[PDB]
Amino acid sequence: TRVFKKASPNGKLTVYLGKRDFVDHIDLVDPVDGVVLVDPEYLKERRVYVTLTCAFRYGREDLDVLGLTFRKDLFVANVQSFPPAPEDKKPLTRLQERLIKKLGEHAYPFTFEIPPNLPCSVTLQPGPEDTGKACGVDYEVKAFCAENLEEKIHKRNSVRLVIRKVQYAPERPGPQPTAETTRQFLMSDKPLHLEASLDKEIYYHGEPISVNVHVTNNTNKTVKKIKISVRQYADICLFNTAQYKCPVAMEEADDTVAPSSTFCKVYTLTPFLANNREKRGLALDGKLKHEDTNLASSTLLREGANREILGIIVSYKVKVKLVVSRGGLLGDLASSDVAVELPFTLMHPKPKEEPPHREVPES
Amino acid sequence: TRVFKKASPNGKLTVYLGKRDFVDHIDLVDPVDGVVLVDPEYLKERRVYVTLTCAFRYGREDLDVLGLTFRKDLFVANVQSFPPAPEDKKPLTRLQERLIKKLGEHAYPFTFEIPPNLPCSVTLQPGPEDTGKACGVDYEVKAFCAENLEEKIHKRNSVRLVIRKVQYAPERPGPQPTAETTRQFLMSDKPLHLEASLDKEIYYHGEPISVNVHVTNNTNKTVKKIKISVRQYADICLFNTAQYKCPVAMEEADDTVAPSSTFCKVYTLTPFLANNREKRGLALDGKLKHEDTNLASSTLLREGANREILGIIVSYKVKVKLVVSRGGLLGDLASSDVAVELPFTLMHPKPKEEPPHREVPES
Amino acid sequence: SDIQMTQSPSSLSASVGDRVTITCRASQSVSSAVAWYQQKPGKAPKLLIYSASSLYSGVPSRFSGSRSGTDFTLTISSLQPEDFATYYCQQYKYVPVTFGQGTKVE
Amino acid sequence: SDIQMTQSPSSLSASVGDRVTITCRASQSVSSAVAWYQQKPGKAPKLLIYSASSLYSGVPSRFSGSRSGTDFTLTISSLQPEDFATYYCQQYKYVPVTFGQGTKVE
Amino acid sequence: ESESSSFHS
Amino acid sequence: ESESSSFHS
Amino acid sequence: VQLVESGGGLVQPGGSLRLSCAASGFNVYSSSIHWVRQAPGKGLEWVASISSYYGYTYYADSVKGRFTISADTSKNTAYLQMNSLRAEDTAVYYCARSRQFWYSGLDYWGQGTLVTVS
Amino acid sequence: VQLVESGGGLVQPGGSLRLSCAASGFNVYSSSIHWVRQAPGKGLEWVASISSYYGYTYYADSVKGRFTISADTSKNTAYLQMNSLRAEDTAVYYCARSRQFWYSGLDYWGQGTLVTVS
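Protein chains in written order, with the deposited numbering: chain A, 6 to 368; chain B, 6 to 368; chain L, 1 to 106; chain M, 1 to 106; chain V, 343 to 351; chain U, 343 to 351; chain H, 5 to 122; chain I, 5 to 122.
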């Protein structure tokens, strides 16, 4: 039907792509390929090269100069676009030959296959002071040419492209996570018991999630407050491993429970960007250039492999805590609170016949 | 030289003790014994009984009425003081027969031996609202008589005595505890390192303790503050096990360290009661009736036995934390601080020839 | 600048079963961010085609449309009597959003 | 009420080597919370006996004392020429703390 | 900037 | 009230 | 699932009312809302819309400033702010919803509303 | 280890000074301090004392209120507050220290000090 295209400043190169977003199925990954138009007389070196590459890039140390970002090459792959090589004796797609006929016998193909279990597209919420380029996981490809491979880039004779590595909600339903906990105290052997349950384990952005909680107050003290927590978990790996989390939303119920009694109730929360613009480093799905992409989707692991992947990984968990009135012979000296939490998933479904456009409401 | 004594309201009984404080050596325990004077004609029931006993006692639940306290009998032992029994055919201390001669052949002995690994004397800081009787570990003994063991206490015809279960600092010196830690960061592989050291592992009340700290700053960030902590640890066991701690003193050094540098220094702290009266539940050595006993001494365990003793146990540890300036691509989202801590001991020496008196400055 | 939009013909009268087309074009490139709409007198509008080719659920096959460069078209392969109504070509690529004059069937 | 303290004799003159005793008594029972002190002209005092019997470090054996009910006594078994000085009986059981008038040797 | 193309497909 | 005694041994 | 609107009627020029549109089944964050008026005999003209999830608002220059929208998540309803009303603004207004992920059309349309002045 | 005191001299009645006593080797909390005066040819009379660990203060009724003590841990020294001074209060004052755990005597005594009025 229709395709994209881009050309070089030198007015001698043109590229063509069938799509910009590429799906990862965990059990496999989509292949990427295409064709490029070239100007023969514009080159006499007898060598042309292009290179797909993936890396984790972001502000290097504290360099405020534009483009001074650490470049960690999580994956690199290259091919001599022209002249052809015996390693190119592989089949091609129908659209490729279509476009060859559309252009004639003066364009050459290219192809790549991603190795599974690589970091997916993601971005970190840049604060107002973050006037520099964005920080996140990127997948990009570039085209060029030279007479000797040692030759570096050339401004007028190069072109680059960007893509996104995404995921879609698994179709099969998952288990309904629920958890119960018990708490004892040292002056009364009637322990507290608590339980919380959810509706389902997968959800869509903007869709409310509800929780059902049961309370078992078996002791003399009384419950005073109940906190509701929905916290994002961030996995960071550049030099070593680090972990820290930020809450997207929370609520504190005012319910209280009498001594030696029980109670149950239900609560509902919704995450959204508007109430969180100010916060730095929030997990955001991979942008393209400057699009206001929604919150980052939970990144499913590599199935049961559980390998020590590099890059960034994200997930979410809901937690609840209980405030118990102080008293007895203890006062402020001891601790009283109890809590429990459950995991879940948030992510978009698989597009039916049309992947998301680029900021439809252009303004 | 001299001894204590007390008599019953009925004007027919008199007790005699050689001391009120009894020493525990961990490897063994002191024996306790004495003699009691009695009035024969005052009794025709033909039975007299006395009972040494140990229990953990304190405010029961919320019983505000005076004397309504939970009574957990960690140890109970009793003897029919008179008439004698064949089980009494055991030797006695010389002072006992000396006192018999001083009194004549109308007094009878008693003796007990403590089973090791029982909770030692301790008290919990009673706040102003704690106008009721004190809460803590107690060792007590009572004297009485009856015609049948089913008989209960009788006000006019009974008397109770109290003692303390204490211990003295080991004579041999111990090891010099020291510790170091390392911290890495995810954008620079020059990890932080830290170390702290003390003078000795035992100390006397009121004696200052000094620490030596070395600093190893290898990264771009800079240290902003250093917290000094000395925290008491309280072990609680009435129905189950519980743990919580309270700080007695602390300091926050203002020193700062430049990027990729090292530093060392020394600090000194002194625990004392005056700055901590307000706090409830502080660890206080066993009071007698109302004496302003100093802070509780650390309770040495039962050697390498490490049994699951009941009651209360106490120890102390010094801790230090570092405040690191936030920055980079992280901001407020991540965590920065590092810390380390060491244990130690604080306690009185063994009295030379005179155990502490009862509030010498009587007022 | 909004999308200054032109669509024609205005309306047509004929017999049932014949094929009749309606054309749509805009002042600038819109790629495929285009849609078509239908409405009947005294009734709320109804969506027919989105992304310039997508067919909504429940639409009989005879509804059709296509893109030709910057010119756009919707068409019925064979009309039926019940199809007499008003129709609109619609774009959504930029704000302010703009509609067409409309269409008539007779 | 403070401890009204009586100590006698005031002073004594005699030859070296003889045994001489100084007595002390109080208005009320003091158990054994008593001590004795010494001082020389133009010099600060010095502690001799505490707990009414305890001997301080460095004290020659000839220094002695004992308790007798509510009456108290300090004594030197055999005197020496250097021992000519002032002596005090002292209690510490209650506040306000009180001293005796003193003692003289000649 | 990138551009779009059609396909007589 | 407590009580004390002597030891004239 | 259906949407109900109300809050208009017959007025005299200058003043203003609070037209409203009540949702059902789905929260506001799940979608975005727009507004369109129809002058008698004429076509359709977008007037206003809301992007609660993003928080932006957009209005036609013809009514820029003099018109504004409001809504609450708990109430599951929106209210139409406006002022400085022209009698020639009398038109048939319609409430409708579009998917936030992602805007590709208008599926649900209300029964509409009308205003007029004497 | 020794103790040094100073802060007296010659004055006329009414005013007052700040006699001081400096410690060494050990902090205040390790011990407690007292004060004693000696009238010419007379014996000794306790006047004041400090219990840093417990924070109490105690004074003779003869000087209650009109006298007070002060001290600082870091300075390792104490200062003697007083006012409303009688010429007949002229006496030789001495500084001394006793164990906090536990009070059984006075081991260390300073060189003393004297005051007088004309």
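Yeah, the Cβ is synthetic: ideal placement off N, Cα and C, and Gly gets one too.
| For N280 of chain B: DSSP bridge partner residues | For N280 of chain B, which the question treats as bridged, DSSP gives no partner whatsoever.
| In terms of residues, what are the limits of the beta strand (DSSP E) holding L47 of chain L? | In this chain, the beta strand (DSSP E) harbouring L47 of chain L covers 46 to 50.
| task | Just the C-alpha distance for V96 of chain H and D65 of chain H, rounded to the nearest angstrom, thanks. | result | Between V96 of chain H and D65 of chain H, the C-alpha separation is close to 19 Å.
| message | Only counting the same chain, and skipping five residues up and downstream in sequence, which positions put a Cβ closer than 8 Å to that of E345 of chain V? | response | Same-chain partners within the cutoff: there are none.
| message | Tell me whether the stretch 45 to 52 of chain I and the stretch 106 to 122 of chain I touch, counting them as touching only if at least three CB pairs, one residue from each stretch, are closer than 8 Å. | response | As far as the Cβ criterion goes, the stretch 45 to 52 of chain I does not touch the stretch 106 to 122 of chain I, which means the pair count is below three.
| query | Mind pulling the chain M residues with CB within less than 7 Å of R7 of chain B? | reply | The contacting residues are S32.
| request: Look at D29 of chain A and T116 of chain A and say whether their C-beta atoms are less than 7 Å apart. | output: It is not a contact, given that the beta carbons lie outside the stated cut-off.
| Taking the beta strand (DSSP E) that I31 of chain A falls in, what are its first and last residues? | Counting along the chain, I31 of chain A falls outside any beta strand (DSSP E), and DSSP gives it neither H nor E.
| Run of the alpha helix (DSSP H) containing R19 of chain L, from where it starts to where it stops | Note, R19 of chain L: premise wrong, no alpha helix (DSSP H); not H, not E.
| Along chain A, in chain order, which residues have C-beta atoms closer than 7 Å to that of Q16 of chain H? | Residues of chain A passing the Cβ test: none, with the nearest at roughly 36 Å.
| query | From which residue to which residue does the beta strand (DSSP E) around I105 of chain A run? | reply | Per DSSP, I105 of chain A belongs to no beta strand (DSSP E); it is in the alpha helix (DSSP H), 99 to 108.
| request: Could you pull the start and end residues of the beta strand (DSSP E) that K205 of chain B belongs to? | output: Careful: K205 of chain B lies outside any beta strand (DSSP E) and carries neither H nor E.
| request: With 7 Å as the threshold, decide whether the Cβ of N87 of chain H is near any Cβ in chain A. | output: Contact of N87 of chain H with chain A is not assigned, every C-beta pair being separated by 7 Å or more.
| query | Looking at C-alpha atoms only, which residue of B:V8, B:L305, B:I317, B:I214 is the closest neighbour of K107 of chain B? | reply | Of all alpha-carbon atoms in B:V8, B:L305, B:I317, B:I214, the one lying nearest the alpha-carbon of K107 of chain B is that of B:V8.
| request: Could you tell me whether any Cβ in chain L is nearer than 7 Å to the Cβ of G59 of chain H? | output: No Cβ of chain L is located within less than 7 Å of the beta carbon of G59 of chain H.
| Enclosing beta strand (DSSP E) for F84 of chain L [first to last residue] | Per DSSP, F84 of chain L lies in no beta strand (DSSP E) and is assigned neither H nor E.
| Secondary structure of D93 of chain I, DSSP reduced to three states | Here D93 of chain I sits in helix by DSSP.
| message | Any C-beta of chain L within less than 7 Å: which residues of the stretch 23 to 43 of chain H qualify? | response | Contact annotation: in the stretch 23 to 43 of chain H, no residue has its CB less than 7 Å from a CB in chain L.
| message | Is it buried or exposed, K270 of chain B, if we count other Cβ atoms within 10 angstroms and call 16 or more buried? | response | With fewer than 16 other Cβ atoms within 10 Å, it is exposed.
| message | DSSP three-state label for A310 of chain B, please. | response | Three-state result, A310 of chain B: helix.
| said: Can you give me the C-alpha to C-alpha distance between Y21 of chain A and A239 of chain A, rounded to a whole angstrom? | reply: Their Cα atoms are separated by approximately 36 Å.
| query | Roughly how many whole angstroms lie between the Cα atoms of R282 of chain B and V235 of chain B? | reply | About 17 Å.
| Hey, is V55 of chain A's beta-carbon within less than 7 Å of any beta-carbon in chain H? | Against chain H, the CB of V55 of chain A has no partner CB under 7 Å away; the residue lies outside that interface.
| In the stretch 71 to 101 of chain L, which residues sit with their C-beta less than 8 Å from some C-beta in chain H, listed in chain order? | Listed in sequence order: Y88, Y92, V95, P96, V97, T98, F99, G100, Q101.
| Within 7 Å, strictly: CB atoms of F244 of chain A and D194 of chain B | Taking 7 Å as the cut-off, the Cβ atoms of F244 of chain A and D194 of chain B count as close.
| Where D337 of chain A falls: helix, strand or coil (DSSP) | Residue state, collapsed to three classes: helix.
| request: Determine, using beta carbons only, whether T6 of chain B and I207 of chain B come nearer to each other than 7 Å. | output: Result no, Cβ atoms of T6 of chain B and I207 of chain B do not sit closer than 7 Å.
| Is it true that the stretch 253 to 263 of chain A meets the stretch 84 to 104 of chain A, where meeting means three or more beta-carbon pairs spaced less than 8 Å apart? | No contact exists between the stretch 253 to 263 of chain A and the stretch 84 to 104 of chain A.
| Interface residues of chain H around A35 of chain L at Cβ under 8 Å? | Contact note: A35 of chain L reaches chain H through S108, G109, using a C-beta cutoff of 8 Å and chain order.
| task | Specify the secondary structure class of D93 of chain B as computed by DSSP and reduced to three states. | result | Of the three classes helix, strand and coil, the one that applies to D93 of chain B here is helix, per DSSP.
| Do you know offhand how far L306 of chain B's Cα is from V319 of chain B's? | So the alpha carbons of these two residues sit roughly 9 Å apart.
| message | Let me make sure I understand the geometry here. Which of A:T58, A:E364, A:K355 has the alpha-carbon closest to that of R177 of chain A? | response | Per the C-alpha coordinates, the member of A:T58, A:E364, A:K355 positioned closest to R177 of chain A is A:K355.
| request: Measure the C-alpha to C-alpha separation of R22 of chain I and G59 of chain I and round it to an integer number of angstroms. | output: When rounded, the distance between both Cα atoms is 20 Å.
| Are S27 of chain L and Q4 of chain L close, meaning C-beta to C-beta below 7 Å? | A contact, by the Cβ cut-off of 7 Å.
| Cβ-Cβ distance between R161 of chain A and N15 of chain A below 7 Å | Result yes, Cβ atoms of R161 of chain A and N15 of chain A sit closer than 7 Å.
| Nearest neighbour of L47 of chain M, chosen from I:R70, I:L110, I:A91, I:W39 [CA to CA] | If we check each option's Cα against that of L47 of chain M, I:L110 comes out closest.
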